[PDB]
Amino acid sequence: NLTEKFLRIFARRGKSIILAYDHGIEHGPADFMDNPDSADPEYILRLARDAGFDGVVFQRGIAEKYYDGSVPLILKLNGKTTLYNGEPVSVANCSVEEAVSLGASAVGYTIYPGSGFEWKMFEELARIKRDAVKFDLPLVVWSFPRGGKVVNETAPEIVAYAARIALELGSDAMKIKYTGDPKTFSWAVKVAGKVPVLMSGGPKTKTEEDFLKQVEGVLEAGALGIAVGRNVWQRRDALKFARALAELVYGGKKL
(Lines of atoms letter the chains of each structure in order from A and count residues from 1; the text may use other names and numbers.)
(Lines give C-alpha, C1' and ligand atoms only; values in the text may rest on other atoms or scores of the structure.)
Protein backbone atom coordinates (compact mmCIF):
# COMPACT_ATOMS: atom_id res chain seq x y z
CA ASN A 1 0.00 0.00 0.00
CA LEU A 2 1.75 3.15 -1.25
CA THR A 3 -0.54 5.62 0.62
CA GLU A 4 0.54 3.85 3.81
CA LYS A 5 4.22 4.20 2.76
CA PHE A 6 3.68 7.88 1.93
CA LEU A 7 2.14 8.48 5.37
CA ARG A 8 4.98 6.66 7.22
CA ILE A 9 7.64 8.77 5.50
CA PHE A 10 5.99 12.18 5.05
CA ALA A 11 3.36 12.17 7.86
CA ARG A 12 4.90 10.39 10.85
CA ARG A 13 3.27 12.94 13.20
CA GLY A 14 -0.22 12.44 11.73
CA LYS A 15 -0.02 15.58 9.54
CA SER A 16 2.43 16.72 6.86
CA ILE A 17 4.37 19.83 5.82
CA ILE A 18 6.28 19.52 2.51
CA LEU A 19 8.63 22.37 1.47
CA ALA A 20 7.99 22.92 -2.24
CA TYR A 21 10.86 24.13 -4.48
CA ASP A 22 10.00 23.36 -8.17
CA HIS A 23 9.56 27.13 -8.58
CA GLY A 24 12.87 27.72 -10.45
CA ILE A 25 11.32 26.03 -13.52
CA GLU A 26 7.59 26.82 -12.99
CA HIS A 27 7.97 30.58 -12.34
CA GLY A 28 11.67 31.15 -12.66
CA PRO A 29 13.96 33.22 -10.43
CA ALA A 30 11.67 36.25 -10.06
CA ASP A 31 10.22 34.18 -7.14
CA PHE A 32 13.68 34.43 -5.35
CA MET A 33 14.34 38.23 -5.33
CA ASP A 34 12.17 38.85 -2.14
CA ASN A 35 14.57 36.69 -0.06
CA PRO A 36 17.70 36.05 -2.22
CA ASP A 37 19.03 33.12 -0.13
CA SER A 38 15.97 31.26 -1.44
CA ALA A 39 17.80 30.86 -4.86
CA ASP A 40 20.27 28.54 -3.09
CA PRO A 41 18.92 24.93 -2.79
CA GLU A 42 21.33 24.41 0.14
CA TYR A 43 19.47 27.12 2.08
CA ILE A 44 16.14 25.37 1.25
CA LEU A 45 17.51 22.05 2.59
CA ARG A 46 18.71 23.65 5.87
CA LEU A 47 15.36 25.43 6.19
CA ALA A 48 13.30 22.20 5.84
CA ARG A 49 15.65 20.51 8.35
CA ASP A 50 15.68 23.33 10.93
CA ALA A 51 11.89 23.80 10.73
CA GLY A 52 11.31 20.03 11.24
CA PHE A 53 9.33 19.61 7.97
CA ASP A 54 8.58 16.19 6.43
CA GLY A 55 9.96 16.63 2.95
CA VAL A 56 11.21 18.71 0.03
CA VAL A 57 10.07 18.78 -3.59
CA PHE A 58 12.89 19.16 -6.18
CA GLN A 59 13.15 18.78 -9.94
CA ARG A 60 15.83 16.31 -11.15
CA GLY A 61 18.60 18.86 -11.70
CA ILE A 62 18.26 20.28 -8.21
CA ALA A 63 18.11 16.76 -6.66
CA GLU A 64 21.14 15.67 -8.68
CA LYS A 65 23.38 18.60 -7.82
CA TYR A 66 22.18 19.32 -4.27
CA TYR A 67 20.19 16.55 -2.60
CA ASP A 68 22.05 15.18 0.45
CA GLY A 69 19.63 12.64 1.99
CA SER A 70 18.90 14.97 4.97
CA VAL A 71 15.10 15.33 4.45
CA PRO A 72 12.79 12.94 2.53
CA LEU A 73 12.60 13.83 -1.18
CA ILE A 74 9.65 14.02 -3.58
CA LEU A 75 11.13 14.17 -7.09
CA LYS A 76 8.79 16.36 -9.23
CA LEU A 77 9.02 14.55 -12.60
CA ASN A 78 7.42 17.16 -14.90
CA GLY A 79 7.73 20.92 -15.29
CA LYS A 80 6.70 23.74 -17.60
CA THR A 81 7.37 27.52 -17.60
CA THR A 82 5.12 30.58 -17.35
CA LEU A 83 6.78 31.83 -20.54
CA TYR A 84 4.76 29.19 -22.37
CA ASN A 85 1.54 30.39 -24.03
CA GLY A 86 -0.38 27.26 -25.26
CA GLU A 87 -3.06 25.03 -23.68
CA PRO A 88 -1.40 23.97 -20.33
CA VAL A 89 0.91 20.98 -20.56
CA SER A 90 3.81 19.73 -18.48
CA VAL A 91 5.84 16.70 -19.61
CA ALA A 92 8.17 14.45 -17.62
CA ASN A 93 11.85 15.43 -17.77
CA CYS A 94 12.84 12.47 -15.50
CA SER A 95 11.82 8.78 -15.17
CA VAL A 96 10.74 7.05 -12.02
CA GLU A 97 13.81 4.74 -12.25
CA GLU A 98 16.08 7.81 -12.36
CA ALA A 99 14.17 9.31 -9.37
CA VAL A 100 15.06 6.17 -7.38
CA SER A 101 18.75 6.60 -8.26
CA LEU A 102 18.54 10.27 -7.15
CA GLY A 103 17.27 9.29 -3.64
CA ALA A 104 13.56 10.06 -3.91
CA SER A 105 11.04 8.52 -1.44
CA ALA A 106 8.11 9.57 -3.70
CA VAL A 107 7.50 11.01 -7.11
CA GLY A 108 5.34 13.98 -8.13
CA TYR A 109 3.47 14.88 -11.30
CA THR A 110 1.23 17.76 -12.34
CA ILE A 111 -1.97 17.32 -14.33
CA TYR A 112 -4.17 20.12 -15.77
CA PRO A 113 -7.70 18.64 -16.16
CA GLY A 114 -9.66 20.62 -18.79
CA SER A 115 -6.53 21.48 -20.84
CA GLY A 116 -6.71 20.88 -24.63
CA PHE A 117 -3.75 18.59 -23.72
CA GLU A 118 -5.36 16.81 -20.74
CA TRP A 119 -5.06 13.54 -22.77
CA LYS A 120 -1.27 14.01 -23.09
CA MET A 121 -0.73 14.31 -19.37
CA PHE A 122 -3.17 11.37 -18.57
CA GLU A 123 -1.32 9.14 -21.05
CA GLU A 124 2.10 9.90 -19.53
CA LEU A 125 0.77 9.70 -15.92
CA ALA A 126 -0.38 6.15 -16.79
CA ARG A 127 3.23 5.17 -17.52
CA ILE A 128 4.57 6.95 -14.43
CA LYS A 129 1.89 5.30 -12.24
CA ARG A 130 2.90 1.86 -13.53
CA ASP A 131 6.56 2.67 -12.71
CA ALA A 132 5.71 4.05 -9.24
CA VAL A 133 4.10 0.68 -8.40
CA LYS A 134 7.01 -1.25 -9.94
CA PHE A 135 9.62 0.73 -7.95
CA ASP A 136 7.37 0.92 -4.82
CA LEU A 137 7.54 4.78 -4.70
CA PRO A 138 4.29 6.66 -3.73
CA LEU A 139 2.86 8.82 -6.52
CA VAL A 140 1.90 12.37 -5.54
CA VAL A 141 -0.36 14.18 -8.03
CA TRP A 142 -0.58 17.94 -8.27
CA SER A 143 -4.10 18.25 -9.65
CA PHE A 144 -4.62 21.75 -11.06
CA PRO A 145 -7.62 22.09 -13.47
CA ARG A 146 -6.64 24.70 -16.04
CA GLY A 147 -7.60 25.48 -19.63
CA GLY A 148 -10.84 24.36 -21.28
CA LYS A 149 -13.92 25.56 -19.40
CA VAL A 150 -11.98 26.40 -16.19
CA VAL A 151 -12.44 30.07 -15.26
CA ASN A 152 -11.89 30.03 -11.49
CA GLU A 153 -9.38 27.46 -10.27
CA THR A 154 -10.37 27.95 -6.62
CA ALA A 155 -14.17 27.49 -7.15
CA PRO A 156 -15.59 24.76 -4.80
CA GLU A 157 -16.72 22.49 -7.65
CA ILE A 158 -13.40 22.89 -9.50
CA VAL A 159 -11.27 21.97 -6.44
CA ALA A 160 -13.59 19.00 -5.60
CA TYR A 161 -13.26 17.91 -9.28
CA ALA A 162 -9.47 18.21 -9.00
CA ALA A 163 -9.40 16.00 -5.89
CA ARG A 164 -11.71 13.31 -7.37
CA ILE A 165 -9.69 13.02 -10.64
CA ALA A 166 -6.49 12.49 -8.66
CA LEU A 167 -8.18 9.65 -6.78
CA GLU A 168 -9.59 8.14 -9.98
CA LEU A 169 -6.22 8.20 -11.80
CA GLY A 170 -4.36 6.31 -9.02
CA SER A 171 -2.52 8.96 -6.96
CA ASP A 172 -1.30 7.82 -3.53
CA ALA A 173 -1.39 11.42 -2.22
CA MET A 174 -2.44 14.66 -3.89
CA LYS A 175 -1.92 18.43 -3.87
CA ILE A 176 -4.79 20.74 -4.74
CA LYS A 177 -5.63 24.45 -4.50
CA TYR A 178 -7.50 25.79 -1.45
CA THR A 179 -11.10 27.03 -1.87
CA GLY A 180 -10.67 29.77 0.77
CA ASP A 181 -12.95 28.07 3.29
CA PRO A 182 -13.16 24.87 5.34
CA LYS A 183 -16.78 23.80 4.45
CA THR A 184 -16.22 23.71 0.66
CA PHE A 185 -12.70 22.38 1.06
CA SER A 186 -13.99 19.47 3.24
CA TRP A 187 -16.12 18.35 0.25
CA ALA A 188 -12.87 17.97 -1.79
CA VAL A 189 -11.27 16.14 1.09
CA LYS A 190 -14.33 13.82 1.29
CA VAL A 191 -14.43 12.97 -2.45
CA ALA A 192 -10.70 12.14 -2.40
CA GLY A 193 -11.71 9.28 0.01
CA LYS A 194 -8.70 7.21 1.25
CA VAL A 195 -6.12 9.36 -0.57
CA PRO A 196 -4.69 12.18 1.67
CA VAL A 197 -4.96 15.82 0.51
CA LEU A 198 -2.18 18.46 0.76
CA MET A 199 -3.03 22.19 0.32
CA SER A 200 -0.97 24.01 -2.29
CA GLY A 201 0.32 27.10 -0.43
CA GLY A 202 -0.04 29.67 -3.28
CA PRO A 203 1.23 33.25 -3.79
CA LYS A 204 2.68 34.92 -0.71
CA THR A 205 -0.24 36.23 1.42
CA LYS A 206 -0.48 39.88 2.44
CA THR A 207 0.13 39.02 6.13
CA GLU A 208 1.45 35.91 7.92
CA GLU A 209 -1.87 35.73 9.76
CA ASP A 210 -3.77 35.45 6.43
CA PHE A 211 -1.76 32.30 5.66
CA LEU A 212 -2.05 30.83 9.17
CA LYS A 213 -5.88 31.25 8.94
CA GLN A 214 -5.92 29.42 5.55
CA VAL A 215 -3.86 26.59 7.05
CA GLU A 216 -6.31 26.34 10.03
CA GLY A 217 -9.16 25.98 7.50
CA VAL A 218 -7.33 23.23 5.56
CA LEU A 219 -6.78 21.33 8.82
CA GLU A 220 -10.44 21.95 9.80
CA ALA A 221 -11.54 20.46 6.48
CA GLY A 222 -9.61 17.28 7.33
CA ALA A 223 -6.70 17.67 4.95
CA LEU A 224 -3.40 15.92 5.74
CA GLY A 225 -1.43 19.22 5.68
CA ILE A 226 0.34 21.55 3.29
CA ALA A 227 2.80 21.64 0.41
CA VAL A 228 4.17 25.12 0.83
CA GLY A 229 6.78 27.15 -1.07
CA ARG A 230 6.52 30.94 -1.33
CA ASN A 231 4.66 31.48 1.95
CA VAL A 232 7.74 30.08 3.67
CA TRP A 233 10.88 30.86 1.58
CA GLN A 234 9.70 34.20 0.13
CA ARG A 235 9.75 35.53 3.71
CA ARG A 236 12.89 37.11 5.24
CA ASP A 237 11.75 35.54 8.53
CA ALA A 238 11.38 32.16 6.70
CA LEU A 239 12.61 29.99 9.58
CA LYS A 240 10.64 31.76 12.39
CA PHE A 241 7.44 31.50 10.32
CA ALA A 242 8.17 27.90 9.22
CA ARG A 243 8.43 27.00 12.91
CA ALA A 244 5.04 28.62 13.63
CA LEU A 245 3.50 26.55 10.79
CA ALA A 246 5.04 23.36 12.26
CA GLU A 247 3.39 24.05 15.64
CA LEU A 248 0.01 24.80 13.98
CA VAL A 249 0.07 21.68 11.75
CA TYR A 250 1.71 19.12 14.12
CA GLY A 251 0.47 20.75 17.33
CA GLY A 252 -3.19 20.47 16.33
CA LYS A 253 -4.75 23.35 18.34
CA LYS A 254 -7.23 26.15 17.39
CA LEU A 255 -5.15 29.29 16.63
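One rule holds for the numbers: they count along the sequence shown, beginning at 1.
With 19-27 and 236-244 compared on mean CA B-factor from the PDB entry, the stretch scoring higher is 236-244. Of the two stretches examined, 245-253 and 4-12, the record assigns the greater average C-alpha temperature factor to 245-253. Remark: of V57, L47, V191, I62, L47 shows the highest value [criterion: C-alpha B-factor in the PDB entry]. Of the candidates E118, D181, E124, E98, the PDB record gives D181 the highest C-alpha temperature factor. Sort the chain's modelled residues by C-alpha temperature factor and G148 lands in the middle third, per the entry. Per the PDB record, residue ranking by Cα B-factor puts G86 in the highest third of the chain.
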